[PDB]
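[1] Sequence, then structure. It's an experimental one.
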2 protein chains.
Amino acid sequence: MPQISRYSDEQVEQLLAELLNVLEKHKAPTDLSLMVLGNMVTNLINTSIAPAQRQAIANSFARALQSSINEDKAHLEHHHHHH
Amino acid sequence: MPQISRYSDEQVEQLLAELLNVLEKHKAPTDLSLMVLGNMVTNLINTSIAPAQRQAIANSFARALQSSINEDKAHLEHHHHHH
């Protein structure tokens, strides 16, 4: 079943797998990856978004990022699994 | 003339072009693009970024975003050409 997203899972999957392969096709460290993506996203929001709300969306983007970056399952699953 | 962000600029530009090319290829709107990139970056940080510095990278990246996205240009010349 759909994880939680109500947009289009398969569509996002196709895009993510593609974009990831594009980067992996050259292979760059996370440091450089953040460099590329940083300039990309910044310029994207700077141009593809109205100059008035481009800053506001950056704010919510940051919030969404912080709300999406989960380390691990905080609920320690009582799941019996030995190595 | 060269650029200050010449840190793998050759590959950064080419990779960024390809990433944008893929988006334009699939005809993915900004809304969907941000959704994919958001999940992508989050997964990248979750996997390749050490849990010790997951928030360190997250906050510094956010600060960089809100640093780069500001008022439109700090120096405006007269420029003898309107339209």
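    Right, received. Where do you want to start? Numbering: from 1, shown residues only, chains lettered A, B, ... in the order given.

[2] what's the helix or strand for the residue lying closest to residue A:37 once chain neighbours are set aside?
    Computed as Cβ to Cβ, 6 or more residues apart in numbering or on different chains, the closest residue to residue A:37 that is not its neighbour in sequence is residue B:41, at 6.2 Å. Any C-beta I mention is one placed from the backbone N, CA and C, and that applies to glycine too. Taking DSSP states H and E as the criterion, residue B:41 maps to helix B:30-48.

[3] middle-most residue in chain A, spatially?
    Closest residue to the average C-alpha location of chain A: residue A:65 at 7.6 Å, with Cα atoms, centre = their mean.

[4] mind checking how far that one is from residue B:65?
    Counting by Cβ to Cβ, to the nearest Å, the gap from residue A:65 to residue B:65 is 9 Å.

[5] do residue A:16 as well
    Residue A:16 is 21 Å from residue B:65, by Cβ to Cβ.

[6] just residue A:70 next, same as before
    20 Å.

[7] the helices in chain A, which residues?
    Along chain A, the segments classed as helices by DSSP state H run A:9-24, A:30-48, A:54-68.

[8] thinking again about what came up before, which residues does the helix holding residue B:41 contact?
    A:7-8, A:11-12, A:15-16, A:19-20, A:30, A:33, A:37, A:40-41, A:44-45, A:48-49, A:61, A:64-65, A:68-71, B:23, B:28, B:54, B:57-58 (Cβ atoms under 8 Å, 6 or more residues apart in numbering or on different chains).

[9] how about 6 Å then?
    By Cβ atoms under 6 Å, 6 or more residues apart in numbering or on different chains, the residues outside helix B:30-48 that reach it are A:12, A:15, A:16, A:30, A:48, A:68, A:69, B:23, B:54.

[10] Show me how far it is from its chain's centre.
    For helix B:30-48, the separation from the chain centroid amounts to 12 Å (computed by Cα atoms, centre = their mean, to the nearest Å).

[11] buried sites along that helix?
    Along helix B:30-48, these residues count as buried under the neighbour rule (16 or more other Cβ atoms under 10 Å in any protein chain shown): B:32, B:33, B:34, B:35, B:36, B:37, B:40, B:41, B:42, B:44, B:45.
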